[PDB]
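What follows is the content of input-v6.pdb, which has PDB, C-alpha atoms:
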```pdb
ATOM      1  CA  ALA A 149    -110.238 -63.609 -19.080
ATOM      2  CA  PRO A 150    -107.957 -61.519 -16.892
ATOM      3  CA  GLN A 151    -109.263 -58.496 -15.007
ATOM      4  CA  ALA A 152    -107.834 -55.019 -14.574
ATOM      5  CA  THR A 153    -107.339 -53.522 -11.136
ATOM      6  CA  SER A 154    -110.228 -51.218 -10.246
ATOM      7  CA  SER A 155    -109.760 -51.078  -6.471
ATOM      8  CA  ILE A 156    -106.833 -50.879  -4.060
ATOM      9  CA  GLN A 157    -107.061 -50.828  -0.265
ATOM     10  CA  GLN A 158    -103.814 -50.243   1.619
ATOM     11  CA  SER A 159    -103.072 -48.356   4.832
ATOM     12  CA  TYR A 160     -99.696 -47.086   6.015
ATOM     13  CA  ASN A 161     -97.926 -45.895   9.075
ATOM     14  CA  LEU A 162     -95.977 -42.782   8.201
ATOM     15  CA  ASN A 163     -93.039 -42.430  10.560
ATOM     16  CA  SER A 164     -93.747 -39.370  12.720
ATOM     17  CA  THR A 165     -90.029 -39.020  13.591
ATOM     18  CA  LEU A 166     -88.794 -38.287  10.076
ATOM     19  CA  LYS A 167     -87.785 -34.795   8.971
ATOM     20  CA  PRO A 168     -88.268 -33.489   5.424
ATOM     21  CA  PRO A 169     -85.536 -34.731   3.076
ATOM     22  CA  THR A 170     -82.732 -32.237   2.659
ATOM     23  CA  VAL A 171     -81.993 -33.350  -0.917
ATOM     24  CA  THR A 172     -84.407 -31.736  -3.316
ATOM     25  CA  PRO A 173     -86.314 -32.057  -5.610
ATOM     26  CA  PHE A 174     -87.989 -35.462  -5.506
ATOM     27  CA  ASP A 175     -86.265 -38.126  -7.601
ATOM     28  CA  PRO A 176     -87.681 -41.684  -7.490
ATOM     29  CA  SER A 177     -84.209 -43.126  -8.133
ATOM     30  CA  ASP A 178     -82.617 -41.321  -5.149
ATOM     31  CA  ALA A 179     -83.778 -42.400  -1.688
ATOM     32  CA  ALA A 180     -82.299 -39.220  -0.190
ATOM     33  CA  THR A 181     -85.128 -37.206  -1.804
ATOM     34  CA  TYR A 182     -88.059 -38.971  -0.116
ATOM     35  CA  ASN A 183     -88.660 -40.446   3.307
ATOM     36  CA  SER A 184     -90.382 -43.764   2.579
ATOM     37  CA  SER A 185     -91.687 -45.773  -0.337
ATOM     38  CA  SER A 186     -93.826 -48.808  -1.079
ATOM     39  CA  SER A 187     -95.072 -50.639  -4.170
ATOM     40  CA  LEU A 188     -97.771 -53.123  -5.128
ATOM     41  CA  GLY A 189     -98.699 -55.079  -8.233
ATOM     42  CA  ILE A 190    -101.724 -54.129 -10.340
ATOM     43  CA  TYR A 191    -103.060 -55.441 -13.660
ATOM     44  CA  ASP A 192    -104.325 -53.956 -16.907
ATOM     45  CA  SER A 193    -107.239 -55.132 -19.077
ATOM     46  CA  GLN A 194    -105.134 -57.846 -20.720
ATOM     47  CA  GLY A 195    -103.706 -59.084 -17.423
ATOM     48  CA  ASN A 196    -100.206 -57.636 -17.775
ATOM     49  CA  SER A 197     -98.483 -56.794 -14.493
ATOM     50  CA  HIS A 198     -97.673 -53.214 -13.552
ATOM     51  CA  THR A 199     -96.082 -51.796 -10.402
ATOM     52  CA  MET A 200     -97.734 -48.884  -8.599
ATOM     53  CA  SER A 201     -95.302 -47.066  -6.307
ATOM     54  CA  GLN A 202     -96.036 -44.619  -3.484
ATOM     55  CA  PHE A 203     -93.346 -42.232  -2.234
ATOM     56  CA  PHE A 204     -93.926 -40.366   1.031
ATOM     57  CA  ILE A 205     -92.261 -37.022   1.809
ATOM     58  CA  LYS A 206     -92.715 -35.127   5.073
ATOM     59  CA  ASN A 207     -93.622 -31.473   4.486
ATOM     60  CA  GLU A 208     -92.125 -28.694   6.594
ATOM     61  CA  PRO A 209     -94.917 -26.597   8.165
ATOM     62  CA  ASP A 210     -95.236 -23.218   6.505
ATOM     63  CA  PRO A 211     -97.984 -20.627   7.123
ATOM     64  CA  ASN A 212     -96.842 -18.718   4.015
ATOM     65  CA  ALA A 213     -97.149 -21.577   1.534
ATOM     66  CA  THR A 214     -99.856 -21.629  -1.140
ATOM     67  CA  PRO A 215    -101.806 -23.245   0.472
ATOM     68  CA  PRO A 216    -100.352 -23.240   4.004
ATOM     69  CA  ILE A 217     -98.717 -26.467   5.182
ATOM     70  CA  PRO A 218     -99.943 -27.569   8.643
ATOM     71  CA  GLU A 219     -98.238 -29.801  11.150
ATOM     72  CA  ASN A 220     -98.325 -33.526  10.331
ATOM     73  CA  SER A 221     -98.448 -32.918   6.570
ATOM     74  CA  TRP A 222     -97.004 -35.384   4.053
ATOM     75  CA  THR A 223     -96.815 -35.535   0.266
ATOM     76  CA  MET A 224     -97.606 -38.855  -1.430
ATOM     77  CA  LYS A 225     -96.244 -39.292  -4.974
ATOM     78  CA  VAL A 226     -97.642 -42.039  -7.196
ATOM     79  CA  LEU A 227     -95.965 -43.575 -10.237
ATOM     80  CA  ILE A 228     -96.817 -46.712 -12.189
ATOM     81  CA  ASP A 229     -93.905 -48.634 -13.736
ATOM     82  CA  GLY A 230     -91.772 -45.686 -12.718
ATOM     83  CA  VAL A 231     -93.534 -43.243 -15.045
ATOM     84  CA  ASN A 232     -96.454 -40.806 -15.027
ATOM     85  CA  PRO A 233     -99.655 -42.908 -14.769
ATOM     86  CA  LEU A 234    -101.343 -40.297 -16.971
ATOM     87  CA  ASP A 235     -98.613 -40.009 -19.632
ATOM     88  CA  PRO A 236     -95.904 -42.640 -20.253
ATOM     89  CA  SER A 237     -93.735 -40.026 -21.996
ATOM     90  CA  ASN A 238     -92.658 -38.422 -18.705
ATOM     91  CA  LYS A 239     -92.177 -39.276 -15.034
ATOM     92  CA  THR A 240     -94.387 -36.636 -13.409
ATOM     93  CA  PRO A 241     -95.935 -38.365 -10.378
ATOM     94  CA  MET A 242     -99.466 -37.907  -9.215
ATOM     95  CA  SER A 243     -99.070 -35.893  -5.997
ATOM     96  CA  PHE A 244    -101.367 -35.812  -2.982
ATOM     97  CA  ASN A 245    -101.254 -34.198   0.444
ATOM     98  CA  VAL A 246    -101.993 -36.367   3.478
ATOM     99  CA  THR A 247    -102.601 -34.741   6.858
ATOM    100  CA  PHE A 248    -103.026 -36.087  10.382
ATOM    101  CA  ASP A 249    -104.426 -34.672  13.595
ATOM    102  CA  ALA A 250    -102.372 -34.212  16.767
ATOM    103  CA  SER A 251    -102.873 -37.872  17.714
ATOM    104  CA  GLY A 252    -101.558 -39.121  14.358
ATOM    105  CA  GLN A 253    -104.913 -40.119  12.830
ATOM    106  CA  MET A 254    -105.446 -39.260   9.172
ATOM    107  CA  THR A 255    -107.678 -36.231   8.624
ATOM    108  CA  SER A 256    -107.515 -35.563   4.887
ATOM    109  CA  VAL A 257    -106.190 -36.626   1.507
ATOM    110  CA  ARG A 258    -106.275 -33.749  -0.971
ATOM    111  CA  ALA A 259    -104.673 -32.421  -4.112
ATOM    112  CA  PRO A 260    -101.580 -30.284  -3.406
ATOM    113  CA  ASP A 261    -103.736 -27.156  -3.887
ATOM    114  CA  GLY A 262    -106.054 -28.400  -1.132
ATOM    115  CA  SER A 263    -108.949 -29.254  -3.429
ATOM    116  CA  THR A 264    -110.671 -32.585  -4.059
ATOM    117  CA  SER A 265    -109.663 -32.942  -7.706
ATOM    118  CA  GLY A 266    -106.682 -32.738 -10.001
ATOM    119  CA  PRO A 267    -105.483 -34.235 -13.278
ATOM    120  CA  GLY A 268    -106.662 -37.827 -13.414
ATOM    121  CA  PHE A 269    -108.456 -37.969 -10.087
ATOM    122  CA  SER A 270    -111.148 -36.851  -7.704
ATOM    123  CA  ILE A 271    -111.347 -37.461  -3.962
ATOM    124  CA  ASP A 272    -114.391 -38.023  -1.757
ATOM    125  CA  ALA A 273    -114.122 -35.241   0.838
ATOM    126  CA  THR A 274    -115.722 -37.434   3.507
ATOM    127  CA  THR A 275    -113.947 -40.797   3.081
ATOM    128  CA  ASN A 276    -110.655 -39.464   1.626
ATOM    129  CA  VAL A 277    -110.793 -42.241  -0.991
ATOM    130  CA  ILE A 278    -109.005 -41.300  -4.225
ATOM    131  CA  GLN A 279    -110.816 -42.179  -7.441
ATOM    132  CA  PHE A 280    -108.273 -42.248 -10.231
ATOM    133  CA  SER A 281    -110.374 -41.538 -13.274
ATOM    134  CA  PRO A 282    -110.394 -43.912 -16.261
ATOM    135  CA  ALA A 283    -108.436 -42.610 -19.231
ATOM    136  CA  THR A 284    -110.504 -41.553 -22.246
ATOM    137  CA  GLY A 285    -109.736 -41.723 -25.935
ATOM    138  CA  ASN A 286    -108.193 -44.363 -28.142
ATOM    139  CA  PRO A 287    -105.244 -44.208 -28.054
ATOM    140  CA  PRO A 288    -105.744 -42.974 -24.485
ATOM    141  CA  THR A 289    -105.430 -39.219 -24.114
ATOM    142  CA  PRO A 290    -102.559 -38.185 -21.812
ATOM    143  CA  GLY A 291    -103.763 -36.573 -18.589
ATOM    144  CA  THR A 292    -107.190 -38.242 -18.424
ATOM    145  CA  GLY A 293    -106.392 -41.406 -16.453
ATOM    146  CA  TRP A 294    -104.051 -44.352 -16.158
ATOM    147  CA  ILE A 295    -102.417 -45.240 -19.481
ATOM    148  CA  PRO A 296    -100.918 -48.747 -19.082
ATOM    149  CA  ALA A 297     -97.376 -48.462 -20.362
ATOM    150  CA  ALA A 298     -94.490 -50.672 -21.393
ATOM    151  CA  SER A 299     -90.821 -49.947 -21.897
ATOM    152  CA  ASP A 300     -88.957 -50.584 -25.128
ATOM    153  CA  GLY A 301     -86.005 -51.740 -23.003
ATOM    154  CA  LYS A 302     -83.457 -49.248 -24.376
ATOM    155  CA  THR A 303     -81.165 -47.058 -22.266
ATOM    156  CA  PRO A 304     -82.495 -44.559 -21.613
ATOM    157  CA  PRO A 305     -85.819 -46.358 -22.115
ATOM    158  CA  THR A 306     -88.929 -45.006 -23.815
ATOM    159  CA  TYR A 307     -92.296 -45.991 -22.365
ATOM    160  CA  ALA A 308     -95.457 -45.991 -24.461
ATOM    161  CA  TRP A 309     -99.055 -47.196 -24.240
ATOM    162  CA  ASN A 310     -98.940 -51.004 -24.306
ATOM    163  CA  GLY A 311    -102.384 -51.336 -25.930
ATOM    164  CA  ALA A 312    -104.285 -52.274 -22.748
ATOM    165  CA  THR A 313    -106.613 -50.202 -20.591
ATOM    166  CA  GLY A 314    -107.401 -49.988 -16.928
ATOM    167  CA  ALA A 315    -110.765 -50.870 -15.494
ATOM    168  CA  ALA A 316    -113.775 -49.048 -16.909
ATOM    169  CA  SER A 317    -114.272 -47.182 -13.610
ATOM    170  CA  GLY A 318    -110.609 -46.252 -13.133
ATOM    171  CA  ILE A 319    -108.960 -47.055  -9.776
ATOM    172  CA  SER A 320    -110.366 -46.500  -6.295
ATOM    173  CA  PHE A 321    -107.378 -46.023  -3.954
ATOM    174  CA  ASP A 322    -108.371 -46.311  -0.283
ATOM    175  CA  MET A 323    -105.710 -45.484   2.316
ATOM    176  CA  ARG A 324    -108.084 -45.065   5.244
ATOM    177  CA  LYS A 325    -106.779 -46.149   8.676
ATOM    178  CA  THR A 326    -103.386 -44.700   7.697
ATOM    179  CA  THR A 327    -101.610 -43.477  10.763
ATOM    180  CA  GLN A 328     -98.611 -41.237  11.648
ATOM    181  CA  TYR A 329     -97.046 -42.700  14.801
ATOM    182  CA  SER A 330     -93.532 -42.803  16.267
ATOM    183  CA  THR A 331     -92.749 -46.132  14.594
ATOM    184  CA  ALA A 332     -91.234 -47.393  11.378
ATOM    185  CA  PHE A 333     -92.898 -46.800   8.062
ATOM    186  CA  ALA A 334     -95.191 -49.755   7.424
ATOM    187  CA  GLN A 335     -97.812 -50.823   4.892
ATOM    188  CA  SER A 336    -100.688 -53.253   5.173
ATOM    189  CA  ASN A 337    -100.994 -56.224   2.853
ATOM    190  CA  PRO A 338    -102.596 -54.580  -0.200
ATOM    191  CA  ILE A 339    -106.046 -55.722  -1.251
ATOM    192  CA  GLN A 340    -106.666 -55.256  -4.965
ATOM    193  CA  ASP A 341    -109.150 -56.821  -7.352
ATOM    194  CA  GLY A 342    -107.201 -57.282 -10.577
ATOM    195  CA  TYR A 343    -105.690 -60.581 -11.629
ATOM    196  CA  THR A 344    -103.746 -62.196 -14.448
ATOM    197  CA  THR A 345    -104.283 -65.292 -16.641
TER     198      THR A 345
END
```

Mind turning this structure into structure tokens?
Amino acid sequence: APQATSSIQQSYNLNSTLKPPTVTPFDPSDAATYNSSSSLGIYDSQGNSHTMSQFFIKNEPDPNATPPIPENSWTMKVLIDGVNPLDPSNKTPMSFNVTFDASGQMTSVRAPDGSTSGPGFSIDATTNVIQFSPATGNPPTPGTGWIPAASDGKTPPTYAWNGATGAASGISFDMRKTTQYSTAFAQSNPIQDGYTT
């Protein structure tokens, strides 16, 4: 039998030289709206391939924001197959804030409101590991966890639940050792535990 992805380990260097994009808002099809992006392959319960994408956007510091944006703050946006992991009927990404200390070492991964939880996930405040929660319901209930999706192929295409699930535990996403140095955006070779066929 195939095996769904339940665990992903991947670290990044986020390029400390890059300014916030001037083109706004974020659009995954327009590289002028984000600074850097990466993708990796994951698998659902039936072994079908899916592509998880991360988009990284530098945040401008702002003491007046709700919550305030510090120095060395980035937004990470997550899509799977280009659509909302939690709801294939839209393209709302899962958004996280990633911060670094003055020496460019990662200090926190949080929801945009600063807390350790949001729709479809919780984060361990100590390790900064994101636990994407497993979707509930059958058919899976939008907003509860990853809903493996497939396109009909039309233009514009409509994505819908493909009949498969994720892993029973959801997805652990571990970006520890991520760094924010004056060097190119880079990603480690992803380690993930799903497989096909």

Practice problem: Expand the PyMOL selection byres ((chain A and resi 208) around 9) into the individual residues it matches in the shown file, reporting them as number ranges by chain. | Solution: A: 167-168, 206-207, 209-210, 217-222

Quiz item: Taking into account all atoms listed in the file, which residue in the set A:307, A:343, A:248, A:321 is nearest to residue 202 of chain A?
Solution: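 Using all atoms listed in the file, residue 202 of chain A sits closest to A:321.
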
Quiz prompt | Spatial neighbours of residue 246 of chain A, max dist 8 Å, only C-alpha atoms, sep filter under 3 positions, as JSON, numbers by chain | solution = {"A": [221, 222, 223, 224, 254, 255, 256, 257, 258]}

How about saving the chosen residues, C-alpha atoms kept, as a tab-separated table (two decimals), in the coordinates of the input?
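That gives us selection_4.tsv:
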```
chain	number	residue	atom	x	y	z
A	221	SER	CA	-98.45	-32.92	6.57
A	222	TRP	CA	-97.00	-35.38	4.05
A	223	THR	CA	-96.82	-35.53	0.27
A	224	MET	CA	-97.61	-38.85	-1.43
A	254	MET	CA	-105.45	-39.26	9.17
A	255	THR	CA	-107.68	-36.23	8.62
A	256	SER	CA	-107.52	-35.56	4.89
A	257	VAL	CA	-106.19	-36.63	1.51
A	258	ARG	CA	-106.28	-33.75	-0.97
```

Practice problem: Taking the file as shown, find all residues satisfying the PyMOL selection byres ((chain A and resi 331) around 12) and write them as a ChimeraX atom specification. | Solution: /A:160-166,252,327-330,332-335

Practice problem: Could you give me, as a list in words, the residues within 12 Å of residue 283 of chain A, counting all atoms listed in the file and dropping anything in the same chain fewer than 2 positions from it? | Solution: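 The residues that qualify are residues 233, 234, 235, 267, 268, 269, 280, 281, 285, 286, 287, 288, 289, 290, 291, 292, 293, 294, 295, 296, 309, 312, 313, 314, 315, 316, 317, 318 and 319 of chain A.
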
Quiz item: From the list A:266, A:253, A:277, A:298, which residue is nearest residue 228 of chain A when using only C-alpha atoms?
Solution: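 Residue with the minimum atom-to-atom distance to residue 228 of chain A: A:298.
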
Would you place a box with edges along x, y and z of the file around all atoms of segment 304-316 of chain A listed there, add 5 Å to each of its six sides, and report the centre and edge lengths in Å to one decimal, as JSON?
```
{"center_x": -98.1, "center_y": -48.4, "center_z": -20.7, "size_x": 41.3, "size_y": 17.7, "size_z": 20.4}
```

Exercise. Please evaluate the PyMOL selection byres ((chain A and resi 243) around 6) against the structure above and give the resulting residues as an MDAnalysis selection string.
Key: chainID A and resid 224:225 241:242 244

Let's have the selection written as an mmCIF file, keeping the file's coordinate frame, with C-alpha atoms.
```cif
data_model
loop_
_atom_site.group_PDB
_atom_site.id
_atom_site.type_symbol
_atom_site.label_atom_id
_atom_site.label_comp_id
_atom_site.auth_asym_id
_atom_site.auth_seq_id
_atom_site.Cartn_x
_atom_site.Cartn_y
_atom_site.Cartn_z
ATOM 1 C CA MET A 224 -97.606 -38.855 -1.430
ATOM 2 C CA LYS A 225 -96.244 -39.292 -4.974
ATOM 3 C CA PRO A 241 -95.935 -38.365 -10.378
ATOM 4 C CA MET A 242 -99.466 -37.907 -9.215
ATOM 5 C CA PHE A 244 -101.367 -35.812 -2.982
#
```

Practice problem: Could you jot down the atom CA of residue 156 of chain A to atom CA of residue 322 of chain A separation for me, Å, one decimal place? | Solution: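 So the answer is 6.1 Å.
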
Quiz item: What is the distance between atom CA of residue 201 of chain A and atom CA of residue 324 of chain A, in Å to one decimal?
Solution: 17.3 Å

Practice problem: Find the residue from A:237, A:262, A:229, A:326 that sits nearest to residue 189 of chain A; use all atoms listed in the file when measuring. | Solution: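 Between A:237, A:262, A:229, A:326, the residue approaching residue 189 of chain A most closely is A:229.
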
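Separating atom CA of residue 154 of chain A from atom CA of residue 204 of chain A is a distance of 22.6 Å.
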
Hey, could you patch up segment 209-223 of chain A with N, CA, C and O atoms and hand it over as an mmCIF file, keeping the file's coordinate frame?
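After the write, out.cif holds the following:
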```cif
data_model
loop_
_atom_site.group_PDB
_atom_site.id
_atom_site.type_symbol
_atom_site.label_atom_id
_atom_site.label_comp_id
_atom_site.auth_asym_id
_atom_site.auth_seq_id
_atom_site.Cartn_x
_atom_site.Cartn_y
_atom_site.Cartn_z
ATOM 1 N N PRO A 209 -93.823 -27.553 7.972
ATOM 2 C CA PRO A 209 -94.917 -26.597 8.165
ATOM 3 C C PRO A 209 -94.529 -25.224 7.652
ATOM 4 O O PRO A 209 -93.368 -24.817 7.729
ATOM 5 N N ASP A 210 -95.515 -24.509 7.117
ATOM 6 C CA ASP A 210 -95.236 -23.218 6.505
ATOM 7 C C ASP A 210 -96.526 -22.421 6.362
ATOM 8 O O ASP A 210 -97.339 -22.707 5.472
ATOM 9 N N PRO A 211 -96.740 -21.412 7.209
ATOM 10 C CA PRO A 211 -97.984 -20.627 7.123
ATOM 11 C C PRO A 211 -98.056 -19.772 5.876
ATOM 12 O O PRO A 211 -99.148 -19.309 5.518
ATOM 13 N N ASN A 212 -96.924 -19.557 5.202
ATOM 14 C CA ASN A 212 -96.842 -18.718 4.015
ATOM 15 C C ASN A 212 -96.978 -19.488 2.715
ATOM 16 O O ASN A 212 -97.048 -18.861 1.652
ATOM 17 N N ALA A 213 -97.016 -20.814 2.762
ATOM 18 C CA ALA A 213 -97.149 -21.577 1.534
ATOM 19 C C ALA A 213 -98.521 -21.357 0.900
ATOM 20 O O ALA A 213 -99.478 -20.907 1.540
ATOM 21 N N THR A 214 -98.605 -21.682 -0.387
ATOM 22 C CA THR A 214 -99.856 -21.629 -1.140
ATOM 23 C C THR A 214 -100.287 -23.030 -1.555
ATOM 24 O O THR A 214 -99.801 -23.548 -2.559
ATOM 25 N N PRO A 215 -101.190 -23.663 -0.791
ATOM 26 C CA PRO A 215 -101.806 -23.245 0.472
ATOM 27 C C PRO A 215 -100.889 -23.527 1.660
ATOM 28 O O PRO A 215 -99.879 -24.200 1.485
ATOM 29 N N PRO A 216 -101.219 -23.008 2.842
ATOM 30 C CA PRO A 216 -100.352 -23.240 4.004
ATOM 31 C C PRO A 216 -100.206 -24.725 4.323
ATOM 32 O O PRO A 216 -101.121 -25.527 4.116
ATOM 33 N N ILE A 217 -99.025 -25.092 4.798
ATOM 34 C CA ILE A 217 -98.717 -26.467 5.182
ATOM 35 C C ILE A 217 -98.862 -26.579 6.695
ATOM 36 O O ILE A 217 -98.173 -25.848 7.424
ATOM 37 N N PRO A 218 -99.727 -27.455 7.201
ATOM 38 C CA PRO A 218 -99.943 -27.569 8.643
ATOM 39 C C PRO A 218 -98.876 -28.478 9.247
ATOM 40 O O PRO A 218 -97.984 -28.981 8.563
ATOM 41 N N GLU A 219 -98.983 -28.701 10.553
ATOM 42 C CA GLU A 219 -98.238 -29.801 11.150
ATOM 43 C C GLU A 219 -98.751 -31.123 10.588
ATOM 44 O O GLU A 219 -99.865 -31.207 10.060
ATOM 45 N N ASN A 220 -97.923 -32.165 10.707
ATOM 46 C CA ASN A 220 -98.325 -33.526 10.331
ATOM 47 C C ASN A 220 -98.810 -33.600 8.886
ATOM 48 O O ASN A 220 -99.814 -34.252 8.585
ATOM 49 N N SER A 221 -98.102 -32.926 7.986
ATOM 50 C CA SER A 221 -98.448 -32.918 6.570
ATOM 51 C C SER A 221 -97.405 -33.696 5.783
ATOM 52 O O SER A 221 -96.203 -33.499 5.977
ATOM 53 N N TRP A 222 -97.870 -34.574 4.897
ATOM 54 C CA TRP A 222 -97.004 -35.384 4.053
ATOM 55 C C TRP A 222 -97.442 -35.239 2.606
ATOM 56 O O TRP A 222 -98.620 -35.005 2.326
ATOM 57 N N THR A 223 -96.497 -35.413 1.686
ATOM 58 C CA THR A 223 -96.815 -35.535 0.266
ATOM 59 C C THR A 223 -96.676 -36.995 -0.139
ATOM 60 O O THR A 223 -95.680 -37.641 0.200
#
```
